[PDB]
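Student: Pasting a structure below so you can have a look.
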Amino acid sequence: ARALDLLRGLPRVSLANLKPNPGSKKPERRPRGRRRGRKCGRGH
RNA sequence: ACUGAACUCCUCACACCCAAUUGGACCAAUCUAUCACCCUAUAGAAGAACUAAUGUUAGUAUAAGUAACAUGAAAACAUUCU
Ligand SMILES: [Mg+2]
Ligand SMILES: [Mg+2]
Ligand SMILES: [Mg+2]
Ligand SMILES: [Mg+2]
Ligand SMILES: [Mg+2]
Ligand SMILES: [Mg+2]
Ligand SMILES: [Mg+2]
Ligand SMILES: [Mg+2]
């Protein structure tokens with residue numbers, strides 16, 4: 001099982017590494033900007 | 001016969017010019033948790049960034065040193081005159 005030793009190939013897994021899993025939460029878009037929102041949920 | 005453009009070719013480098021709406025990836029600053037020690041990495045947040053709403057608080061221009069405004073005269077400030 002190469003997993004544990006492959007992990008041993010790095011420094012100590014400190015608190016600086018606990019990443020949310022990619023696909024954890026979709027981006028919290030503030031309803032604005034040049035791309036997502038110009039009228040923010042109501043239209044003209 | 002030329003001159004005449006993002007049409008096209010010419011050499012690089014090409015996924016870099018609609019309307020809403022939707023869908024994905026990055027980040028301005030701050031706080032926190034570990035890092036780090038001239039502005040820093042990665043994560044959880046969240047009152048999270050403005051050329052404007054006939055917005056409001058402070059400052060300050062302009063119109064401008066303009067529009068408008070006051071002390072009867074004289075005299076040693078005794079007093080006289082109008
Ligand atoms: Mg072309
Ligand atoms: Mg288009
Ligand atoms: Mg940045
Ligand atoms: Mg905000
Ligand atoms: Mg402003
Ligand atoms: Mg204003
Ligand atoms: Mg004038
Ligand atoms: Mg005058």
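In the structure tokens, the first chain shown is A, the next is B, and so on; residue numbers restart at 1 for each chain, and ligands run from 1 in the order shown.
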Return as number ranges by chain the residues belonging to chain A that are within 9 Å of chain B, counting only C-alpha atoms (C1' of nucleotides).
Tutor: A: 14-20, 36, 43
Student: Could you list, as number ranges by chain, all protein and nucleic acid residues with an atom at most 12 Å from ligand 5, counting only C-alpha atoms (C1' of nucleotides) and all ligand atoms?
Tutor: B: 50-52
Student: Please produce a file of the residues just selected, as a PDB file, in the first residue's frame, where the atoms kept are N, CA and C atoms (P, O5', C5', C4', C3', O3' and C1' of nucleotides).
Tutor:
ATOM      1  P     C B  50     -15.478  51.303  -3.016  1.00  0.00           P
ATOM      2  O5'   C B  50     -16.673  51.194  -4.055  1.00  0.00           O
ATOM      3  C5'   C B  50     -16.422  50.803  -5.396  1.00  0.00           C
ATOM      4  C4'   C B  50     -17.313  51.514  -6.375  1.00  0.00           C
ATOM      5  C3'   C B  50     -17.091  53.018  -6.468  1.00  0.00           C
ATOM      6  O3'   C B  50     -17.160  53.433  -7.821  1.00  0.00           O
ATOM      7  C1'   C B  50     -19.354  52.570  -5.917  1.00  0.00           C
ATOM      8  P     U B  51     -16.423  54.785  -8.241  1.00  0.00           P
ATOM      9  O5'   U B  51     -17.621  55.821  -8.334  1.00  0.00           O
ATOM     10  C5'   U B  51     -17.431  57.195  -8.058  1.00  0.00           C
ATOM     11  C4'   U B  51     -18.232  58.036  -9.011  1.00  0.00           C
ATOM     12  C3'   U B  51     -19.546  57.426  -9.466  1.00  0.00           C
ATOM     13  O3'   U B  51     -20.616  57.691  -8.579  1.00  0.00           O
ATOM     14  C1'   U B  51     -18.348  58.246 -11.335  1.00  0.00           C
ATOM     15  P     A B  52     -20.852  56.771  -7.289  1.00  0.00           P
ATOM     16  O5'   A B  52     -22.430  56.741  -7.104  1.00  0.00           O
ATOM     17  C5'   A B  52     -23.052  57.539  -6.107  1.00  0.00           C
ATOM     18  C4'   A B  52     -23.842  58.658  -6.722  1.00  0.00           C
ATOM     19  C3'   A B  52     -25.308  58.339  -6.974  1.00  0.00           C
ATOM     20  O3'   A B  52     -26.087  59.501  -6.788  1.00  0.00           O
ATOM     21  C1'   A B  52     -24.237  58.840  -9.016  1.00  0.00           C
TER      22        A B  52
END
Student: For ligand 1, collect every residue having any atom at a distance of at most 10 Å from a ligand atom (counting only C-alpha atoms (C1' of nucleotides) and all ligand atoms); output as a PyMOL selection string.
Tutor: chain B and resi 6-8
Student: I need the chosen residues saved as a PDB file, in the first residue's frame, with C-alpha atoms (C1' of nucleotides).
Tutor:
ATOM      1  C1'   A B   6      -9.942  44.700 -37.735  1.00  0.00           C
ATOM      2  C1'   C B   7     -12.026  41.426 -45.317  1.00  0.00           C
ATOM      3  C1'   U B   8      -7.433  38.319 -46.306  1.00  0.00           C
TER       4        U B   8
END
Student: Give me, as JSON lines, each residue of chain B that comes within 9 Å of ligand 7, together with its shortest interatomic pair and the distance in Å at one decimal, counting only C-alpha atoms (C1' of nucleotides) and all ligand atoms, with rows ordered by chain and rising residue number.
Tutor:
{"residue": "B:63", "atom": "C1'", "partner": "ligand 7", "partner_atom_place_in_ligand_line": "1 (Mg)", "distance": 7.3}
{"residue": "B:64", "atom": "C1'", "partner": "ligand 7", "partner_atom_place_in_ligand_line": "1 (Mg)", "distance": 7.4}
{"residue": "B:66", "atom": "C1'", "partner": "ligand 7", "partner_atom_place_in_ligand_line": "1 (Mg)", "distance": 5.3}
{"residue": "B:67", "atom": "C1'", "partner": "ligand 7", "partner_atom_place_in_ligand_line": "1 (Mg)", "distance": 8.7}
Student: Only N, CA and C atoms (P, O5', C5', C4', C3', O3' and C1' of nucleotides), please: the residues just picked out, written as a PDB file, in the first residue's frame.
Tutor:
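Result written to result.pdb:
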ATOM      1  P     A B  63     -16.161  83.317  -9.657  1.00  0.00           P
ATOM      2  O5'   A B  63     -17.550  84.082  -9.645  1.00  0.00           O
ATOM      3  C5'   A B  63     -18.533  83.749 -10.610  1.00  0.00           C
ATOM      4  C4'   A B  63     -19.930  83.869 -10.069  1.00  0.00           C
ATOM      5  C3'   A B  63     -20.199  85.054  -9.165  1.00  0.00           C
ATOM      6  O3'   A B  63     -20.423  86.263  -9.860  1.00  0.00           O
ATOM      7  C1'   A B  63     -21.098  83.095  -8.211  1.00  0.00           C
ATOM      8  P     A B  64     -19.878  87.632  -9.232  1.00  0.00           P
ATOM      9  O5'   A B  64     -18.612  87.194  -8.356  1.00  0.00           O
ATOM     10  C5'   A B  64     -17.272  87.292  -8.854  1.00  0.00           C
ATOM     11  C4'   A B  64     -16.346  87.873  -7.818  1.00  0.00           C
ATOM     12  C3'   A B  64     -15.120  87.036  -7.475  1.00  0.00           C
ATOM     13  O3'   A B  64     -14.115  87.915  -6.942  1.00  0.00           O
ATOM     14  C1'   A B  64     -16.539  87.142  -5.600  1.00  0.00           C
ATOM     15  P     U B  66     -14.912  93.364  -4.527  1.00  0.00           P
ATOM     16  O5'   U B  66     -16.451  93.074  -4.261  1.00  0.00           O
ATOM     17  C5'   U B  66     -17.441  93.988  -4.693  1.00  0.00           C
ATOM     18  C4'   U B  66     -18.191  93.429  -5.860  1.00  0.00           C
ATOM     19  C3'   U B  66     -19.707  93.455  -5.737  1.00  0.00           C
ATOM     20  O3'   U B  66     -20.231  94.708  -6.165  1.00  0.00           O
ATOM     21  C1'   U B  66     -19.000  91.269  -6.239  1.00  0.00           C
ATOM     22  P     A B  67     -21.695  94.928  -6.807  1.00  0.00           P
ATOM     23  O5'   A B  67     -22.699  94.004  -5.989  1.00  0.00           O
ATOM     24  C5'   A B  67     -23.896  93.563  -6.610  1.00  0.00           C
ATOM     25  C4'   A B  67     -24.931  93.073  -5.627  1.00  0.00           C
ATOM     26  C3'   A B  67     -25.233  93.948  -4.420  1.00  0.00           C
ATOM     27  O3'   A B  67     -26.110  95.015  -4.717  1.00  0.00           O
ATOM     28  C1'   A B  67     -25.067  91.689  -3.751  1.00  0.00           C
TER      29        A B  67
END
Student: Using only C-alpha atoms (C1' of nucleotides) and all ligand atoms, which residue out of B:31, B:49, B:5, B:38 lies closest to ligand 4?
Tutor: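 Result for the nearest residue to ligand 4: B:49.
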